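A short write-up of the structure that comes next.
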Amino acid sequence: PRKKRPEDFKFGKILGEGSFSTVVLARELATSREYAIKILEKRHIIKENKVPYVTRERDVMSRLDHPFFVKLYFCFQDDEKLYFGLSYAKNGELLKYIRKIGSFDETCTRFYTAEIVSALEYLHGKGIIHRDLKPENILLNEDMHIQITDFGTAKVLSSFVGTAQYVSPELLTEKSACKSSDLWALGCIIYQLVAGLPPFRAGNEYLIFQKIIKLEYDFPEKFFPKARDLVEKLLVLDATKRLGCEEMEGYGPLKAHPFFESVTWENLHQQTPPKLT
Ligand SMILES: CN1CCC[C@H]1CCn1cc(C2=C(c3c[nH]c4ccccc34)C(=O)NC2=O)c2ccccc21
Ligand SMILES: *SCCCC(=O)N1CCN(c2cccc(Cl)c2)CC1
């Protein structure tokens, strides 16, 4: 079969724009199927030496086949642009819901954290480090299950510094992320869901980094006791001592944390998600 062409689609609303691309809701006309198409401007990426970001993106997404990840279905191109055909997540970003609801109750925090843990287990088992995990790239599909995206910045085990709020100490100081770096980000995300704000906050990127490296943060008075404990076991400076990391014997003991007491891990992706708080 021939590669798809722009003419095969009716391009609809722009979902969002990044520094090097536009993600656009599009309908494949022949089958009426909706896709999020990521449109990349070749010149801009050429001129900014970002191409590796582009192949890693295509490569990593092509090997993702798990319910909690965005999938890459096709790729085509013209002179101007590169087009990635992606899963469309109708309900947008986890971030949107944090803003809208303010903070999640325990039921919701527990459910979504569990889906994120399950997704990271899959990813890490494939030797992939996300390196930029944040509510902005944890999407929600029509059934309100999560779909993680944004893989151009991932590391595959075969100079980058992710978003300041969620970046790990080892990436800052050692210039090297590891699987465990994503568990640090998970800690930050759990904290954000419960508190409504991320744990390392300050007036600029430099000051946020300083807090990260010194592990300087506080828990508000609203914080669920079991979530407090879990976060403290994720936000640990030493990457080999985080609950869930390989050196701490993996995902077993993480999933056994009592914060997850009432969760059924088996077919999480088939369970009905709790209505957002
Ligand atoms: C900050 N950004 C620049 C452009 C996208 C956005 C980051 C979050 N994000 C969302 C993405 C996706 C989708 C989006 C759903 N609602 C959105 C609103 C703005 C931007 C993207 C989306 C999607 O349906 N499938 C996706 O893969 C996506 C796909 C690749 C890389 C990053 C992505
Ligand atoms: S759609 C199939 C994409 C194949 C691929 O991996 N490519 C194609 C050429 N590429 C490229 C050309 C010009 C500018 C940029 Cl940023 C990328 C990417 C590699």
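Note on naming: chains are A, B, ... as they come in the structure tokens, residues start from 1 per chain, ligands start from 1 in the order shown.
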
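Secondary structure of region 162-207 of chain A, helix (DSSP H, G or I) only (DSSP, backbone atoms): residues 169, 170, 171, 172, 173, 174, 179, 180, 181, 182, 183, 184, 185, 186, 187, 188, 189, 190, 191, 192, 193, 194, 195, 205, 206 and 207 of chain A.
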
* Asked: Could you name the residues that touch region 239-245 of chain A at 12 Å or less, counting only C-alpha atoms, but leaving out those on the same chain fewer than 5 positions away, as a ChimeraX atom specification?
  -> /A:117-118,120-121,124-125,168-171,174,176-187,229-234,250-257

* Selection: 12 Å around region 47-64 of chain A, only C-alpha atoms, excl. self and same-chain fewer than 3 positions, as an NGL selection string -> :A and (19-21 or 38-44 or 67-76 or 81-87 or 119-120 or 122-130 or 147-157 or 160)

* To do: Could you give me, as a VMD selection string, the residues within 8 Å of residue 89 (chain A), counting only C-alpha atoms and dropping anything in the same chain fewer than 6 positions from it?
  => chain A and resid 36 139 to 142 147

Save the residues we just selected, N, CA and C atoms, as a PDB file, in the first residue's frame?
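Writing done, so here's selection-v2.pdb:
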```pdb
ATOM      1  N   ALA A  36      -4.699  12.166  15.902  1.00  0.00           N
ATOM      2  CA  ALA A  36      -3.932  13.344  16.229  1.00  0.00           C
ATOM      3  C   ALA A  36      -2.723  13.278  15.322  1.00  0.00           C
ATOM      4  N   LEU A 139      -2.135  11.938  28.778  1.00  0.00           N
ATOM      5  CA  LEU A 139      -3.413  12.301  28.168  1.00  0.00           C
ATOM      6  C   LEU A 139      -4.538  11.411  28.681  1.00  0.00           C
ATOM      7  N   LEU A 140      -5.773  11.835  28.436  1.00  0.00           N
ATOM      8  CA  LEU A 140      -6.957  11.061  28.804  1.00  0.00           C
ATOM      9  C   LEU A 140      -7.799  10.773  27.570  1.00  0.00           C
ATOM     10  N   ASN A 141      -8.076   9.497  27.319  1.00  0.00           N
ATOM     11  CA  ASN A 141      -8.870   9.152  26.150  1.00  0.00           C
ATOM     12  C   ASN A 141     -10.362   9.261  26.447  1.00  0.00           C
ATOM     13  N   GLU A 142     -11.186   8.884  25.475  1.00  0.00           N
ATOM     14  CA  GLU A 142     -12.622   9.086  25.600  1.00  0.00           C
ATOM     15  C   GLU A 142     -13.200   8.332  26.798  1.00  0.00           C
ATOM     16  N   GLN A 147      -3.289   7.894  28.490  1.00  0.00           N
ATOM     17  CA  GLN A 147      -2.464   7.563  27.336  1.00  0.00           C
ATOM     18  C   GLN A 147      -1.273   8.507  27.362  1.00  0.00           C
TER      19      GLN A 147
END
```

* Report the residues of region 129-265 of chain A whose backbone DSSP state falls under strand (DSSP E), written as a ChimeraX atom specification. => /A:129,138-140,146-148,155-156

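Residue nearest ligand 1, chosen from A:267, A:103, A:163, A:77 and counting only C-alpha atoms and all ligand atoms: A:163.
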
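Proximity to ligand 2 was assessed for A:167, A:37, A:197, A:227 counting only C-alpha atoms and all ligand atoms; the smallest distance is recorded for A:37.
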
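CA of residue 134 (chain A) sits 23.8 Å away from CA of residue 247 (chain A).
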
* **Polymer residues at most 12 Å from residue 96 (chain A), only C-alpha atoms, same-chain spacing of 3 or more positions, as a PyMOL selection string** => chain A and resi 91-93+99-103+134-140+193+196+276

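Between ligand 1 and the residues A:259, A:35, A:9, A:224, the shortest atom-to-atom distance, using only C-alpha atoms and all ligand atoms, involves A:35.
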
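The closest residue to ligand 1, picked from A:4, A:10, A:90, A:33 and counting only C-alpha atoms and all ligand atoms, is A:90.
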
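CA of residue 24 (chain A) is found 19.7 Å from atom 13 (C, counted along the ligand's line) of ligand 2.
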
* Structure fact -> Nearest to residue 30 (chain A), restricted to only C-alpha atoms and choosing among A:8, A:110, A:46, A:14, comes out as A:8
